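Visitor: Chains as they are written, first to last, in this note's numbering: chain A, 348 to 403; chain B, 43 to 92; chain C, 11 to 142; chain D, 10 to 112; chain E, 152 to 270; chain F, 10 to 112.
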Amino acid sequence: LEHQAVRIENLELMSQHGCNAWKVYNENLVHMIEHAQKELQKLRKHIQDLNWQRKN
Amino acid sequence: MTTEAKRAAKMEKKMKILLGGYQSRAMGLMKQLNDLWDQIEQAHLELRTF
Amino acid sequence: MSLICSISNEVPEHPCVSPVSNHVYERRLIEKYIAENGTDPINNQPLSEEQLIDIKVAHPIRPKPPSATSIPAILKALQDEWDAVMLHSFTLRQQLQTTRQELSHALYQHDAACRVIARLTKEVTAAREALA
Amino acid sequence: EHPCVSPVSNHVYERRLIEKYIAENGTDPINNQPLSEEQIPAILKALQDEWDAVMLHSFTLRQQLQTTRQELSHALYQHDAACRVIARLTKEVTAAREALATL
Amino acid sequence: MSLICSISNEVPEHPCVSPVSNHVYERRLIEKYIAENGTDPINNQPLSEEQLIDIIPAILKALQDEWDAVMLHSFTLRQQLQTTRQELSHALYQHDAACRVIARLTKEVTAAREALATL
Amino acid sequence: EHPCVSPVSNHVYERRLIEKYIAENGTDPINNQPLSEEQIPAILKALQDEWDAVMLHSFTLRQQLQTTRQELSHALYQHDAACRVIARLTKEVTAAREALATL
Numbered sequence: 348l349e350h351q352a353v354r355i356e357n358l359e360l361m362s363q364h365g366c367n368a369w370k371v372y373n374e375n376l377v378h379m380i381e382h383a384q385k386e387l388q389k390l391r392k393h394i395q396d397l398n399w400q401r402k403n
Numbered sequence: 043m044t045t046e047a048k049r050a051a052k053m054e055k056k057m058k059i060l061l062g063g064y065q066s067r068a069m070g071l072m073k074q075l076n077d078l079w080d081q082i083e084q085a086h087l088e089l090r091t092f
Numbered sequence: 011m012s013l014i015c016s017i018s019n020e021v022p023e024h025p026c027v028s029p030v031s032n033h034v035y036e037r038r039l040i041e042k043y044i045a046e047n048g049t050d051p052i053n054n055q056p057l058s059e060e061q062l063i064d065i066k067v068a069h070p071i072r073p074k075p076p077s078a079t080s081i082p083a084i085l086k087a088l089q090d091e092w093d094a095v096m097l098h099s100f101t102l103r104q105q106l107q108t109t110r111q112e113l114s115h116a117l118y119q120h121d122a123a124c125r126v127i128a129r130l131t132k133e134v135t136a137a138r139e140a141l142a
Numbered sequence: 010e011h012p013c014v015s016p017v018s019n020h021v022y023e024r025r026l027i028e029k030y031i032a033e034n035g036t037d038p039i040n041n042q043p044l045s046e047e048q049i050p051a052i053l054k055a056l057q058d059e060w061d062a063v064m065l066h067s068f069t070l071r072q073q074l075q076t077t078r079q080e081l082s083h084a085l086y087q088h089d090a091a092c093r094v095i096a097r098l099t100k101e102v103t104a105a106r107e108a109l110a111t112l
Numbered sequence: 152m153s154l155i156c157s158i159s160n161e162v163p164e165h166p167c168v169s170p171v172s173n174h175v176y177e178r179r180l181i182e183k184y185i186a187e188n189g190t191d192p193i194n195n196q197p198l199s200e201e202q203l204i205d206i207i208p209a210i211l212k213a214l215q216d217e218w219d220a221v222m223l224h225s226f227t228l229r230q231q232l233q234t235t236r237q238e239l240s241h242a243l244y245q246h247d248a249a250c251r252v253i254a255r256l257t258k259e260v261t262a263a264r265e266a267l268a269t270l
Numbered sequence: 010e011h012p013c014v015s016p017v018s019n020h021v022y023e024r025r026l027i028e029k030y031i032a033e034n035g036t037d038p039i040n041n042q043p044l045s046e047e048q049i050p051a052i053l054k055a056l057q058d059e060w061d062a063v064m065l066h067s068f069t070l071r072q073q074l075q076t077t078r079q080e081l082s083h084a085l086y087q088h089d090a091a092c093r094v095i096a097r098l099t100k101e102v103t104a105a106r107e108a109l110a111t112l
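#1: Quick check: the Cα distance between residue 260 of chain E and residue 79 of chain D, rounded to an integer number of angstroms?
#2: Just the Cα atoms here: how many angstroms apart are residue 44 of chain C and residue 357 of chain A?
#3: Mind pulling the chain C residues with CB within less than 9 angstroms of residue 208 of chain E?
#4: Are any of the Cβ atoms in chain C nearer than 8 angstroms to that of residue 57 of chain B?
#5: Express the C-alpha separation of residue 14 of chain C and residue 390 of chain A in angstroms, rounding to a whole number.
#6: Under 8 angstroms, Cβ to Cβ, is there at least one residue of chain C near residue 383 of chain A?
#7: With a threshold of 6 angstroms on Cβ separation, who are the neighbours of residue 77 of chain F within its own chain once the five nearest residues in sequence on each side are excluded?
#8: Mind checking residue 58 of chain D: buried by the 16 CB within 10 Å criterion, or exposed?
#9: Taking 8 angstroms as the cut-off, decide whether the C-beta atoms of residue 372 of chain A and residue 72 of chain C are in contact.
#10: Quick one: using the 10 Å Cβ neighbour count with 16 as the cut-off for buried, is residue 98 of chain C buried or exposed?
#11: Looking at chain B, is there any beta carbon in it that lies within less than 8 angstroms of the beta carbon of residue 77 of chain C?
#12: Based on the DSSP output, what are the partners of residue 121 of chain C in its beta bridges?
#13: Closer than 8 angstroms is the cut-off here; do at least three beta carbon pairs connect the segment 55–75 of chain B with the segment 359–377 of chain A?
#14: Consider the Cβ of residue 87 of chain B: report whether some Cβ of chain F lies at a distance smaller than 8 angstroms.
#15: For the segment 101–134 of chain C, which residues have a CB atom closer than 9 angstroms to at least one CB atom of chain F, in sequence order?
#16: Using a C-beta cutoff of 8 angstroms, does residue 65 of chain F count as contacting chain D?
#17: Out of C:39, C:141, C:81 and C:40, state which residue places its alpha-carbon closest to the alpha-carbon of residue 111 of chain F.
#18: Within its chain, find whatever has a CB closer than 8 angstroms to the CB of residue 27 of chain C; leave out the 5 residues flanking it on each side and keep chain order.
#19: Under 8 angstroms between the Cβ atoms of residue 57 of chain C and residue 95 of chain C?
#20: Contact criterion: CB-CB distance below 8 angstroms. Does residue 367 of chain A meet it with respect to chain I?
#21: Are the beta-carbon atoms belonging to residue 164 of chain E and residue 50 of chain F less than 8 angstroms from one another?
#22: Residue 53 of chain B and residue 351 of chain A - do their beta-carbons sit closer together than 8 angstroms?
#23: Can you tell me where the beta strand (DSSP E) with residue 26 of chain C in it begins and where it stops?
#24: Do residue 81 of chain F and residue 102 of chain C have their beta-carbon atoms positioned less than 8 angstroms apart in this structure?
#25: Can you find a CB in chain F that lies within less than 8 angstroms of the CB of residue 141 of chain C?
#26: Please report the distance separating the alpha-carbon of residue 249 of chain E from that of residue 95 of chain D.
#27: Which residue or residues does DSSP assign as beta-bridge partners of residue 22 of chain D?
#28: On a Cα-Cα basis, can you pick out the residue from E:213, E:233, E:183 and E:242 that is closest to residue 85 of chain D?
#29: Exposed or buried, residue 80 of chain B, counting other C-beta atoms within 10 Å across all chains shown (16 or more means buried)?
#30: Find the nearest neighbour of residue 119 of chain C within the set F:105, F:106, F:98 and F:89, judged by alpha-carbon distance.
#31: Whether or not the segment 38–52 of chain C and the segment 71–87 of chain B are in contact is what I'm after, with contact meaning three or more pairs of Cβ atoms, one per stretch, closer than 8 angstroms; do they touch?
#32: In the DSSP output, what is residue 20 of chain C paired with across the bridge?
#33: Per DSSP, what are the beta-bridge partners of residue 205 of chain E in this structure?
#34: Quick check on the DSSP output: the alpha helix (DSSP H) that includes residue 43 of chain B runs from which residue to which?
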């Protein structure tokens, strides 16, 4: 019963704040992807710059 | 407890609809993130060779 | 950066920087490493817990998801994640064991290639001597 | 971009900005100490916090229970006395009635 | 030596001592307590964190049972708190009734004394 | 006998021993700054430390794999570079034998 009490207590917070927190967290994943894509685009450019050094 | 269990299920399933949209985005983001880390890893591997 | 520890490849709970490599680390892990090894982990240079620089940035870290979770369900989900981690770590064992075989077979063929190159170099030189 | 942390404010900085501030001020932007120019787990934490909140709850309940129980404890010994007064008064009212019954 | 944290009433992993009460607290709990309360739990005097001077499945089944063991105590502490409140509400109820019966009888004693004074 | 904590050294001392040192000195026994006489989670921590050991070992495997996978891929590209060398040499031999046929 107390497990249900603690559970129902959690659901109260999760309904209001969890909606916003999901949106904030999903943004944070995008920010990880944006940083990763920037590093990828840095890296892919650098590899192709190296290839132009190789080719020349 | 059985009244609370029915309450807890109904409250969650309302919420599981609402948060489930954000959940579906999270699965897409995480799947992409591992793929992009594989792309970063493979490129940095390949750069070492070149 | 939204930090990741260099040991775990994952976001630290108690973060610290080694000045000996500028990498980010989860402090209780690398302090355990320091005690067991006495070095920086990334480049094997010497390190101490004293040299570690603390971080106090708060955590945005988020449940995954909260809607499933309860104390019995957390322990159920934690066990599954525990099994997934042990599967992951044993996969690394398997992967490392696999990379042993493929590297070794590759190395033989490249070594044997040198012996061919050597023979062909002789062949070419004899053919040039013939041209003379 | 660049990996650097102030070891006295324990805060995360981008090397362009912190070196700019240190060059002018000689000091940290977050506590103004000196700094030199060169210088599963989510589940376990949550479950720890589950334990944590219940212990704080447990103390609060202990505090509230004991507060009420102290006041209650005094009343119990007095409760038996309360019945005695009414018993005594029932005898006294009887005695007064019998004096009135006499005449 | 072994210690007990004064919030948990259980052995601290990482203990800190409030000089405002001379007694031992488990740091993560008390700082979180201070975050809402700002006060010493023992006596409600004001307190701040800096003052606090610092000092497989069978395992999870065992952990689960001990987790359940806390919850056994949790219902018990809630129910005893309700029971002591239910006792207190009743005990005041009977005390207030006892006052009203004795007021009724004091009125009886007053009337009877006046009636005997009439004689 | 009676645990008391020194705010300077953050250590827990036995009352009889720490009082004697204060009585003569008035100072901390470790480092002599001013001091006076008046001044389940274990299960989780154990499980945490088991998780700790898993990570550190797994990282060691990560570190050694990435080194060897580089070395593998390098050796593969070396092998592939050799193929280009043999490709050059095959044509060069063929042209030189053709040249000798011209006399």
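C-beta: ideal position from N, C-alpha, C; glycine also.
Guide: In brief:
#1: 34 angstroms
#2: 40 angstroms
#3: 89 and 92
#4: Output row for residue 57 of chain B: interface = yes.
#5: 19 angstroms
#6: no
#7: none
#8: exposed
#9: Against a cut-off of 8 angstroms, the Cβ pair of residue 72 of chain C and residue 372 of chain A comes out as a contact.
#10: exposed
#11: yes
#12: BP columns for residue 121 of chain C are empty, so no partner.
#13: yes
#14: Output row for residue 87 of chain B: interface = yes.
#15: 102, 103, 105, 106, 109, 110, 112, 113, 116, 117, 119, 120, 123, 124, 126, 127, 130, 131, 133 and 134
#16: no
#17: C:141
#18: These residues qualify, in order along the chain: 33, 34, 35, 62, 63 and 65.
#19: Taking 8 angstroms as the Cβ cut-off, residue 57 of chain C and residue 95 of chain C do not qualify as a contacting pair.
#20: Any reference to chain I falls outside this structure, whose protein chains are A, B, C, D, E and F.
#21: yes
#22: Contact check for residue 351 of chain A against residue 53 of chain B fails: the beta carbons are separated by 8 angstroms or more.
#23: 25–27
#24: no
#25: yes
#26: 8 angstroms
#27: In the DSSP output, where bridge partners are listed per residue, residue 22 of chain D has D:13.
#28: E:242
#29: exposed
#30: F:89
#31: no
#32: Residue 20 of chain C pairs with C:15.
#33: E:167
#34: Note, residue 43 of chain B: premise wrong, no alpha helix (DSSP H); not H, not E.
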